[PDB]
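>>> Kindly return the folded structure for what I paste below:
(2 chains, ligands or ions: 12)
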Amino acid sequence: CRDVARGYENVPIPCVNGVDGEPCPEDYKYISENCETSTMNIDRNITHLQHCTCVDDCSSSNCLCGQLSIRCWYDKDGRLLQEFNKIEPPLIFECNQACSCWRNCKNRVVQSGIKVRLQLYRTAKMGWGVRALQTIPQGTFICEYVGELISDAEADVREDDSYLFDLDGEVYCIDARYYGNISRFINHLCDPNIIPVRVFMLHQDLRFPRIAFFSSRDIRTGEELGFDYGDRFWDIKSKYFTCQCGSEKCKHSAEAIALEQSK
Amino acid sequence: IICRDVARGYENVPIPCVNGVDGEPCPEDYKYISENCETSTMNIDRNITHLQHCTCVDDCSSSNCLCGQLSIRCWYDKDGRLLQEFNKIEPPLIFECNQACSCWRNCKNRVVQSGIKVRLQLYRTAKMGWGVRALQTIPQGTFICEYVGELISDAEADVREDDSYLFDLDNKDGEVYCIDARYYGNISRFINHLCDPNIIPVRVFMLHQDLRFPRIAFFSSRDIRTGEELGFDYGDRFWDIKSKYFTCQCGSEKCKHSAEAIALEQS
Ligand SMILES: COc1cc2nc(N3CCOCC3)nc(NC3CCN(C)CC3)c2cc1OC
Ligand SMILES: COc1cc2nc(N3CCOCC3)nc(NC3CCN(C)CC3)c2cc1OC
Ligand SMILES: C[S@@+](CC[C@H](N)C(=O)[O-])C[C@H]1O[C@@H](n2cnc3c(N)ncnc32)[C@H](O)[C@@H]1O
Ligand SMILES: C[S@@+](CC[C@H](N)C(=O)[O-])C[C@H]1O[C@@H](n2cnc3c(N)ncnc32)[C@H](O)[C@@H]1O
Ligand SMILES: [Zn+2]
Ligand SMILES: [Zn+2]
Ligand SMILES: [Zn+2]
Ligand SMILES: [Zn+2]
Ligand SMILES: [Zn+2]
Ligand SMILES: [Zn+2]
Ligand SMILES: [Zn+2]
Ligand SMILES: [Zn+2]
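Residues are numbered from 1 along each chain as shown, chains lettered A, B, ... in the order given. Ligands and ions are numbered 1, 2, ... in the order given. The structure is reproduced below:
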């Protein structure tokens, strides 16, 4: 498959399988931006946007939008700072339409979409996954977790929860089971190389942050991308199946889980 | 020619401003936006399942495309220009392909959602203040730009005193809404009225199909020469209100809103 994204992303995203006869997945709708099925009532009031007054490229410390994360966390190249808290990331507020800066300012990384070459491919033990077709320096924006915005009440009534991302006031979830992007195919890794960060762009409704994946380290060509699904995932799912990341750091293998109960 | 792009890089192309008539600097008492904004909720139907979509897997140039069928037929040609036969007097509502469609994004039913492609220039006119012109020829049927502004209700439009930048959206059912580009708008806010206009508005649906909120796309109604001023017909509601304050200066011999013209009708 030449482009699973049907031209909706900045770059084509191919699918390959060199492991078995399983065909490229088609039981979902590809979308490049979050969708709704019943109103979420996102606050789109342009006068509720906090914005900056910059006349430069927003690389100075006086930029309010940068100040909303204590400081802008991007360097000149669009990458997270070396000092960035990869354990507890702050909320990033990117420049918006209420700002006076141009569209090519330095605070517009995530909203400018995918730039690295990625591949949907068949793994050996985890079904489909995504890997890099190129080296990727630490701090690089990879892709966004795109799906269907739903409420916790609705998340409760859905049988399939294998593609849920939590957004925790009142709680909401991103559900990429029926509608989603390339992110829906990223596997859980006990030794992860991408992290999620909560980000705001066109609106600043704090109930609905958007999820951006950045690299936590240098990633070699062909390396599988993975993040930490967290314990709420594994507390539910482990009585059905156990982790196959194979790391010696694995925290969710049948082996690891059994060693724990002995103690 | 001080400002190289009034859109601050938000459009596919830059839109420069020049003034060769007086000392008035490039206008800045408004905010440039490349898309419609809200100030109080419009509650647009954004239900992705309420989208009518097609099953096309080709470039949607087929007769089978449901999206094209919604306007009876896709009215764009292979180059993205309106058909010669397009009703330029009472234009149909056009439904372009969307995210629920199975076609790729480089489909042939996606002209307006692909944004501006011709070179335009904000410039100082002689008798009408600021205007917009072509820095290139524009063939008939070509998409120029969209009328972008603040989505408000008819009720709210009644309450705002400055009404020089309003476009009416009169849905069949009633429940009328307006685009107000006085405080927020794009290059379209600077386009002047022409009694013999060379652009027409078309109502278009793209990312949503909330019928209360058509998006307004301007196409050329005829060939336009390089340097020609762009204009549409603002309509009678505009002039029925404004002509007791000022009169039309389009200078056409077809003008129907000049002091001359207005005086001739009383008999
Ligand atoms: C990050 O991964 C998961 C997040 C999940 N989040 C919720 N909710 C958020 C809180 O508010 C109730 C919803 N429910 C799940 N599961 C429910 C459990 C109950 N089931 C009937 C419906 C799905 C999840 C499951 C996840 O992985 C398996
Ligand atoms: C296309 O041009 C115009 C459209 C206008 N539309 C409305 N509406 C509110 C009432 O429903 C219909 C849409 N009001 C205007 N103006 C005034 C606003 C001030 N108010 C005291 C009376 C109505 C307009 C003015 C226009 O140009 C001068
Ligand atoms: C969001 S999906 C990722 C795409 C999925 N691998 C596929 O083939 O469609 C998450 C599901 O993939 C499988 N999976 C993901 N990470 C795994 C892991 N670390 N170990 C074992 N299975 C995993 C499980 O079926 C899990 O419910
Ligand atoms: C939406 S604006 C167009 C931009 C405006 N000329 C400017 O410089 O800001 C509408 C206003 O432009 C002027 N105008 C537009 N067309 C005109 C015309 N044909 N004759 C006289 N004045 C016109 C009127 O003042 C009208 O209220
Ligand atoms: Zn700034
Ligand atoms: Zn900025
Ligand atoms: Zn800003
Ligand atoms: Zn593991
Ligand atoms: Zn089609
Ligand atoms: Zn379509
Ligand atoms: Zn199409
Ligand atoms: Zn006239």
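
>>> Grab the nearest non-local neighbour of residue A:38.
The spatially closest residue to residue A:38, leaving aside those adjacent along the chain, is residue B:47, at 6.7 Å (Cβ to Cβ, 6 or more residues apart in numbering or on different chains). Any C-beta I mention is one placed from the backbone N, CA and C, and that applies to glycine too.

>>> Which residues does the one you found form beta bridges with?
Each beta-bridge partner of residue B:47 is listed here: residue A:36, as defined by DSSP bridges.

>>> I'd say it and residue A:37 touch.
Yes. Counting by Cβ atoms under 8 Å, residue B:47 does reach residue A:37; the two are 5.8 Å apart.

>>> ok, residue A:162 - how many residues close by?
The number of residues packed near residue A:162 is 12, by other Cβ atoms under 10 Å in any protein chain shown.

>>> How about the contacts made by the residue nearest to residue A:38?
By Cβ atoms under 8 Å, 6 or more residues apart in numbering or on different chains, the residues touching residue B:47 are A:36, A:37, A:38, A:39.

>>> Residue of the stretch 151-263 of chain A nearest ligand 12, please.
Of all residues in the stretch 151-263 of chain A, the one sitting closest to ligand 12 is residue A:202 (39.3 Å; Cβ to the ion).

>>> typed the wrong thing, it's the stretch 101-250 of chain A
For the stretch 101-250 of chain A, Cβ to the ion, closest residue to ligand 12: residue A:103, 36.5 Å.

>>> Around ligand 6, which positions in the stretch 51-200 of chain A sit nearby?
A:58, A:95, A:101, A:105, A:107 (Cβ under 5 Å from the ion).

>>> Which members of these define the maximum pairwise distance?
Across these, the two members that end up farthest from each other (Cβ to Cβ) are A:101 and A:107, 7.5 Å apart.

>>> thinking again about what came up before, now the residue of the stretch 151-263 of chain A closest to ligand 12: how far from ligand 11?
For residue A:202, the distance to ligand 11 equals 25 Å [Cβ to the ion, to the nearest Å].

>>> Same check on residue A:177?
Taking Cβ to the ion as the measure, residue A:177 and ligand 11 are separated by 25 Å.

>>> Over to residue A:10?
Here the distance between residue A:10 and ligand 11 works out to 19 Å (Cβ to the ion).

>>> what's the answer for residue A:110, then?
Distance of residue A:110 to ligand 11, given as Cβ to the ion: 27 Å.

>>> can you check residue A:66 too?
From residue A:66 over to ligand 11 the distance is 40 Å, taken as Cβ to the ion.

>>> Residue A:182 now?
From residue A:182 across to ligand 11, the span is 21 Å (Cβ to the ion).

>>> now do residue A:237
Following Cβ to the ion, the distance that separates residue A:237 from ligand 11 is 38 Å.

>>> For ligand 9, what's the nearest residue on chain A?
Each residue of chain A has a distance to ligand 9, by Cβ to the ion, and the smallest belongs to residue A:6, at 12.1 Å.

>>> Could you work out the most separated pair of the contacts of residue B:47?
Going by Cβ to Cβ, the pair spanning the contacts of residue B:47 furthest: A:37 and A:39, at 9.1 Å.
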